[PDB]
């Protein structure tokens, strides 16, 4: 969350990923909901490396 | 041959200058593609989408938003392109 | 005479070899500086152009 | 000889503008190394020589 | 050196904890052999 | 660090118990030419 | 410590998240990026001009695909939009558009 | 050497240094090529307009 150092949100990793996609990714929050196969594609990339 | 028709590379010291790995046409292709993408890539869209908009519009939007200049000032006053062209020519 | 020719050719050999080593070292230095400059140019392209 | 070619998007003179839009996520990539430190070595002179 | 205390501690090599002994007869250093365990 | 760090996201960066799986994989894959630590004598 | 919107820093695609592990004599980075991978060309327009004070911005991303003035994000074809993208600027050329 | 066989023999005495020189230059040139390739791979990466 916000680059400001002085605080710690302590949100789960999935929520952080969806926020990253919502802003810099520019994918609609509704689009993030649409098909959370997103986790599968993420896992495929991690396994590939 | 050009050393025949008279370059120290071939004439004495064994030294050889290697070729650049890219001919001038390929480098020019790269920079030309970059020039083509100038106007569109800088349009609000991160990097995943490309909006093919005219160059003049891209200049206006950079001046209108990044520079704090009201839209009416940009409208009232095209032919600003004259100053741009003067700078380019001076270069 | 072979006895004197060996010494003369040997001193020439050592001299040329040491100049050649110096040239190689200088080339390595210039190459590393150029690689750093290339990284800088990549940054300049990505955020100025 | 072969040259990789960037996607070409046509530019419209009308008020409408043409827009190329992504449809896939395809996350993940291999990444570079920074080499922050080097090995620390001490040499004992008067023993080496 | 431990300059503030002025005490000296003789750390040995990274793996010198069995063969080495204090003031050992076997090891003859280049120095006058005057020296300077966990 | 929680074993279920990521809900549907799977992370191999969790330590196995301290030298995560990827970390030790790349420490093994590289030719360590200096095992002489702590025993080189 | 943050994704951000850089350019030449975290390389290879739109940066999402990045991880670090130790490696011999330095740090090993693993940057995760986003890649488009299928591109379709759609006509779009700048803003709208209904009647009075009705000018609409394209959205945080340009969107505004043809059909029902529907606005779209970076991924997929246009979906129904309800001010969740378009604020309100002043007018521009080619009236009935902010063109 | 100027191609004289005598210098060649006296140099075969030293022959490892030439190997070191050639290898160093070859490596530097390979690194140059990789640098250029990397830079230009990071230049275009796009869609464009004609």
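FYI, it's all coordinate maths here, none of it is from the lab. Here the Cβ is made from the backbone with ideal geometry for all residues, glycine too, and neighbour counts use every protein chain on show.
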> Nearest 10 degrees, 0 to 90: what angle lies between the long axis of helix A:13-23 and the longest principal axis of chain A (Cα atoms)?
Replying inline: 90
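Once the mean 1/r over all distinct Cα pairs of chain G is inverted, what Kirkwood radius in angstroms do you read off? Present the calculation step by step, with values, prior to reporting the outcome.
On the way: mean 1/r = 0.0611 Å⁻¹.
About 16.4 Å, per the Kirkwood formula over Cα pairs.
Chain D: D in µm²/s via Stokes-Einstein (Kirkwood Rh, Cα pairs, 20 °C, 1.002 mPa s)? Walk me through the intermediate numbers first.
Working: Rh = 18.9 Å.
It comes out at roughly 114 µm²/s.
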>> Can you give the FRET efficiency to the nearest 0.05 for residue H:31 and residue G:82, using r as the Cβ-Cβ distance and R₀ = 60 Å?
In response: 0.60
> Nearest-5 percent of antiparallel DSSP beta bridges in the protein assembly as shown?
Replying inline: 90
> Pairing the Cα long axis of helix C:2-48 with the longest principal axis of chain C, what angle in degrees results, from 0 to 90 and rounded to the nearest 10?
Replying inline: 0
> Across 20 Å bins from 0, what is the distribution of all Cα-Cα pair distances for the protein assembly as shown, in whole percents?
Replying inline: 15, 36, 29, 16, 4, 0
>> Once you place label points 7 Å from the Cα toward the Cβ at residue F:30 and residue C:38, how far apart are they in nm?
In response: 2.3
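Starting from the Cα gyration tensor of chain B, multiply each eigenvalue by 5, take the square root, and state the resulting semi-axes largest first in whole Å.
Numbers: eigenvalues 445, 69, 21 Å².
Three semi-axes, in Å: 47, 19, 10.
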> Rg to Rh ratio, chain F, alpha-carbon atoms and Kirkwood radius?
Replying inline: 1.19
> For labels at residue E:6 and residue A:6 in the simple 7 Å Cα→Cβ model, what's the distance in nm?
Replying inline: 4.8
>> Please give the Cα centre distance for segment B:1-39 versus segment G:79-99, rounded to the nearest Å.
In response: 51
> One-quarter of the Cα convex hull surface for chain C, in nm²?
Replying inline: 3.9
> What is the spread of the Cα atoms of chain H along each of their three principal axes, largest first, in whole Å?
Replying inline: 64, 19, 7
> Given the C-alpha centroids of segment F:14-41 and chain E, what is the distance between them in whole angstrom?
Replying inline: 31
> For segment G:1-78 and chain D, what is the separation of their C-alpha centers, rounded to whole Å?
Replying inline: 18
>> For chain A, take N as its residue count and report Rg(C-alpha) divided by 2.2 N^0.38 Å.
In response: 1.30
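If R₀ is 30 angstrom, what is the calculated FRET efficiency for the pair residue D:16 and residue B:31, using the beta carbon separation as r and rounding to 0.05? Walk me through the intermediate numbers first.
On the way: r = 29 Å, r/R0 = 0.97.
Plugging the Cβ-Cβ distance into 1/(1 + (r/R0)^6) gives 0.55.
Rounded to the nearest 500, what is the protein assembly as shown's calculated 222 nm mean residue ellipticity when only DSSP H runs of at least 4 contribute -39500 (n - 2.57) each, over all residues? Don't skip to the answer; put the middle values down first.
Working: 12 runs with 165 residues, N = 466.
So the helix-based figure for the protein assembly as shown works out to -11500 deg cm²/dmol.
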> What's the Kirkwood radius of segment B:42-91 in Å, using all Cα pairs?
Replying inline: 12.3
